[PDB]
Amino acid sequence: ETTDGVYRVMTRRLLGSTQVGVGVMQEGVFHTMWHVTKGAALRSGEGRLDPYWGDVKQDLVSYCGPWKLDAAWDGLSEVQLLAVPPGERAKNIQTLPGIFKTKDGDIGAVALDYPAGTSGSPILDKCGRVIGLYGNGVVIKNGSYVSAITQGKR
């Protein structure tokens, strides 16, 4: 009932209208990062979106249904971040992901820096599939920000 695409997550609880994050509507389910909503209900126009699944450690949450995004970075190709910065038009940024190496294995990472409210912007492969969400990351030695490509389980 609500169109596929990328969406800003706004709140009026602070000064003015504030963008706290971004998310993806696909197959009837809204996908964003846990730290954006803390699992709170969302409104979409007149209707209400209720949380359905979430996990603080993965830093993901889905609304109206189970996590639907299952594409993954192929470990070789460039991707595009569809950055949706607060107050600014959506812009695609192409990049070759780096790698977060962890005890439990490797995931892609994108070394692109944006305001906090950009959290949740989707990362896409050349087919337009969302391979994860932007905004859970680290700051490295030279002071630059690097975000995991954070993907859920379908």
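In case it trips you up, residue 1 is the first one in the sequence shown, and so on.
Mean C-alpha B-factor is higher over 102-110 than over the other stretch, the pair under comparison being 24-32 and 102-110.
Higher mean CA B-factor, judged across 37-45 and 54-62 from the recorded values: 37-45. The entry assigns its greatest Cα B factor, within the set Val138, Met10, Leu133, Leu14, to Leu14.
In the PDB entry, a CA B factor belonging to the highest third of its chain's modelled residues is recorded for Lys126. Sort the chain's modelled residues by C-alpha temperature factor and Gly117 lands in the lowest third, per the entry.
Ranked against the other modelled residues of its chain, the C-alpha B-factor of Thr2 as given in the entry falls in the highest third. Sorting the modelled residues of the chain by their CA temperature factor places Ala71 in the lowest third. Per-chain ranking of the deposited C-alpha B factor places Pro85 in the lowest third.
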